[PDB]
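Coordinates from final.pdb are shown below (PDB, C-alpha atoms (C1' of nucleotides)).
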ATOM      1  CA  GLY A 408      28.075  -5.055 -34.106  1.00  0.00           C
ATOM      2  CA  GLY A 409      26.434  -2.978 -31.378  1.00  0.00           C
ATOM      3  CA  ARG A 410      25.372  -3.184 -27.723  1.00  0.00           C
ATOM      4  CA  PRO A 411      22.297  -5.193 -26.636  1.00  0.00           C
ATOM      5  CA  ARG A 412      19.708  -2.496 -27.357  1.00  0.00           C
ATOM      6  CA  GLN A 413      17.419  -0.829 -24.864  1.00  0.00           C
ATOM      7  CA  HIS A 414      14.116  -2.183 -23.463  1.00  0.00           C
ATOM      8  CA  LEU A 415      12.290   1.199 -23.228  1.00  0.00           C
ATOM      9  CA  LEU A 416      11.036   1.611 -19.619  1.00  0.00           C
ATOM     10  CA  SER A 417      14.611   1.899 -18.224  1.00  0.00           C
ATOM     11  CA  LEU A 418      15.789   5.422 -19.038  1.00  0.00           C
ATOM     12  CA  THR A 419      16.121   9.063 -18.319  1.00  0.00           C
ATOM     13  CA  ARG A 420      15.601  11.764 -21.003  1.00  0.00           C
ATOM     14  CA  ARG A 421      18.453  12.209 -23.381  1.00  0.00           C
ATOM     15  CA  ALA A 422      18.836   8.832 -25.007  1.00  0.00           C
ATOM     16  CA  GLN A 423      15.143   9.471 -25.474  1.00  0.00           C
ATOM     17  CA  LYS A 424      16.106  12.597 -27.446  1.00  0.00           C
ATOM     18  CA  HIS A 425      17.459  10.984 -30.581  1.00  0.00           C
ATOM     19  CA  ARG A 426      15.309   7.997 -29.859  1.00  0.00           C
ATOM     20  CA  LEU A 427      12.570  10.211 -31.221  1.00  0.00           C
ATOM     21  CA  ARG A 428      14.249  13.474 -32.595  1.00  0.00           C
ATOM     22  CA  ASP A 429      13.214  12.799 -36.138  1.00  0.00           C
ATOM     23  CA  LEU A 430       9.607  11.977 -35.271  1.00  0.00           C
ATOM     24  CA  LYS A 431       9.295  15.050 -33.008  1.00  0.00           C
ATOM     25  CA  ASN A 432      10.658  17.056 -35.961  1.00  0.00           C
ATOM     26  CA  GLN A 433       8.154  15.470 -38.374  1.00  0.00           C
ATOM     27  CA  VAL A 434       5.519  16.510 -35.846  1.00  0.00           C
ATOM     28  CA  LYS A 435       6.806  20.076 -35.589  1.00  0.00           C
ATOM     29  CA  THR A 436       6.725  20.242 -39.404  1.00  0.00           C
ATOM     30  CA  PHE A 437       3.120  18.905 -39.444  1.00  0.00           C
TER      31      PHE A 437
ATOM     32  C1'  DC B   1      37.189 -24.360 -29.885  1.00  0.00           C
ATOM     33  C1'  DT B   2      38.539 -21.624 -25.498  1.00  0.00           C
ATOM     34  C1'  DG B   3      41.186 -17.548 -23.298  1.00  0.00           C
ATOM     35  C1'  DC B   4      42.140 -12.126 -23.441  1.00  0.00           C
ATOM     36  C1'  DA B   5      43.167  -7.884 -26.003  1.00  0.00           C
ATOM     37  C1'  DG B   6      43.709  -3.713 -29.538  1.00  0.00           C
ATOM     38  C1'  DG B   7      39.919  -1.508 -31.586  1.00  0.00           C
ATOM     39  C1'  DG B   8      35.370  -1.533 -34.058  1.00  0.00           C
ATOM     40  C1'  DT B   9      30.233  -0.730 -33.620  1.00  0.00           C
ATOM     41  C1'  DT B  10      26.011   1.986 -31.671  1.00  0.00           C
ATOM     42  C1'  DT B  11      24.556   3.997 -27.777  1.00  0.00           C
ATOM     43  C1'  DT B  12      24.753   5.849 -23.348  1.00  0.00           C
ATOM     44  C1'  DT B  13      25.426   9.971 -19.663  1.00  0.00           C
ATOM     45  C1'  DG B  14      26.646  13.922 -18.788  1.00  0.00           C
ATOM     46  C1'  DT B  15      28.758  18.105 -19.193  1.00  0.00           C
ATOM     47  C1'  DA B  16      29.175  21.851 -21.603  1.00  0.00           C
ATOM     48  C1'  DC B  17      27.011  27.175 -23.225  1.00  0.00           C
ATOM     49  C1'  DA B  18      22.581  30.758 -22.303  1.00  0.00           C
ATOM     50  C1'  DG B  19      17.884  32.301 -21.558  1.00  0.00           C
ATOM     51  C1'  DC B  20      13.332  31.516 -18.498  1.00  0.00           C
ATOM     52  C1'  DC B  21       9.335  29.970 -16.537  1.00  0.00           C
ATOM     53  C1'  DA B  22       7.419  27.506 -11.890  1.00  0.00           C
ATOM     54  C1'  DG B  23       6.734  27.029  -7.691  1.00  0.00           C
ATOM     55  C1'  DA B  24       9.014  26.881  -3.182  1.00  0.00           C
ATOM     56  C1'  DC B  25      10.530  29.888   0.427  1.00  0.00           C
ATOM     57  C1'  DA B  26       8.988  33.374   4.029  1.00  0.00           C
ATOM     58  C1'  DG B  27       5.138  36.707   6.323  1.00  0.00           C
ATOM     59  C1'  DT B  28       0.788  37.244   8.211  1.00  0.00           C
ATOM     60  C1'  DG B  29      -3.644  37.119  11.048  1.00  0.00           C
ATOM     61  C1'  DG B  30      -6.454  34.193  11.083  1.00  0.00           C
ATOM     62  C1'  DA B  31      -9.132  31.913   8.594  1.00  0.00           C
ATOM     63  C1'  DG B  32     -11.744  27.563   8.829  1.00  0.00           C
ATOM     64  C1'  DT B  33      -9.312  23.553   7.968  1.00  0.00           C
ATOM     65  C1'  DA B  34      -8.644  18.378   9.062  1.00  0.00           C
ATOM     66  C1'  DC B  35      -7.891  14.821  12.306  1.00  0.00           C
ATOM     67  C1'  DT B  36      -7.850  13.934  17.230  1.00  0.00           C
ATOM     68  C1'  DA B  37      -9.428  11.875  21.749  1.00  0.00           C
ATOM     69  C1'  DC B  38     -13.377  11.059  24.339  1.00  0.00           C
ATOM     70  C1'  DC B  39     -17.895   9.154  25.814  1.00  0.00           C
ATOM     71  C1'  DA B  40     -20.926   5.164  27.075  1.00  0.00           C
ATOM     72  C1'  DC B  41     -22.072   1.713  25.095  1.00  0.00           C
ATOM     73  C1'  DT B  42     -22.757  -2.319  21.994  1.00  0.00           C
ATOM     74  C1'  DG B  43     -22.721  -7.701  19.322  1.00  0.00           C
ATOM     75  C1'  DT B  44     -21.590 -12.444  18.701  1.00  0.00           C
ATOM     76  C1'  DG B  45     -21.872 -16.604  22.194  1.00  0.00           C
ATOM     77  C1'  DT B  46     -29.158 -19.895  22.808  1.00  0.00           C
ATOM     78  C1'  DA B  47     -30.683 -26.311  24.247  1.00  0.00           C
ATOM     79  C1'  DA B  48     -30.159 -30.786  25.746  1.00  0.00           C
ATOM     80  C1'  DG B  49     -29.045 -34.418  29.104  1.00  0.00           C
ATOM     81  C1'  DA B  50     -28.112 -36.772  33.990  1.00  0.00           C
ATOM     82  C1'  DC B  51     -29.330 -37.740  38.332  1.00  0.00           C
ATOM     83  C1'  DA B  52     -31.972 -38.152  42.747  1.00  0.00           C
ATOM     84  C1'  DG B  53     -35.957 -39.189  44.938  1.00  0.00           C
ATOM     85  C1'  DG B  54     -40.458 -39.883  45.047  1.00  0.00           C
ATOM     86  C1'  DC B  55     -44.330 -43.131  44.541  1.00  0.00           C
ATOM     87  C1'  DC B  56     -48.031 -45.120  42.149  1.00  0.00           C
ATOM     88  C1'  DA B  57     -49.060 -48.986  38.792  1.00  0.00           C
ATOM     89  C1'  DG B  58     -49.102 -53.470  38.301  1.00  0.00           C
ATOM     90  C1'  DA B  59     -47.027 -57.924  37.628  1.00  0.00           C
ATOM     91  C1'  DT B  60     -45.518 -61.950  40.535  1.00  0.00           C
ATOM     92  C1'  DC B  61     -46.496 -65.220  44.732  1.00  0.00           C
TER      93       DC B  61
END

Could you write out this file's structure as structure tokens?
Amino acid sequence: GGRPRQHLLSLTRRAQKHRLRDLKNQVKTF
DNA sequence: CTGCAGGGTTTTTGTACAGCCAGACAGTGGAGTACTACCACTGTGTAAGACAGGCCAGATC
């Protein structure tokens, strides 16, 4: 199933890390 | 269908290495900063009526 997902605005940095890891990598690559 | 209970799910939340830059700390001697009282001194209240006594005008007899 899964937990009721995040609403942005509420967290500290490392949930944020794989929240965007793949886009930051696409950016690095660009 | 409700109730709770093993675990699932994905996701949190932080600890784990190790290197490293930033800016705070502390000094200074005083700079010139910034914020402080202090000083006399101000601006906005804004127009009518009531009441007493005179006394002359003029009606009434």

Counting all atoms listed in the file, collect the residues of chain A whose closest atom lies at most 12 Å from chain B, and write them out as number ranges by chain.
-> A: 408-413, 418-426

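Between atom CA of residue 432 of chain A and atom CA of residue 414 of chain A there is a distance of 23.2 Å.
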
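Put simply, atom CA of residue 430 of chain A is 16.4 Å away from atom CA of residue 415 of chain A.
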
Might I get the box with edges along x, y and z of the file that holds all atoms of segment 414-421 of chain A listed there, padded by 6 Å on every side, given as centre and edge lengths in Å to one decimal, as AutoDock Vina command-line options?
--center_x 14.7 --center_y 5.0 --center_z -20.8 --size_x 19.4 --size_y 26.4 --size_z 17.2

Atom CA of residue 417 of chain A to atom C1' of residue 15 of chain B, straight-line distance in Å = 21.5 Å
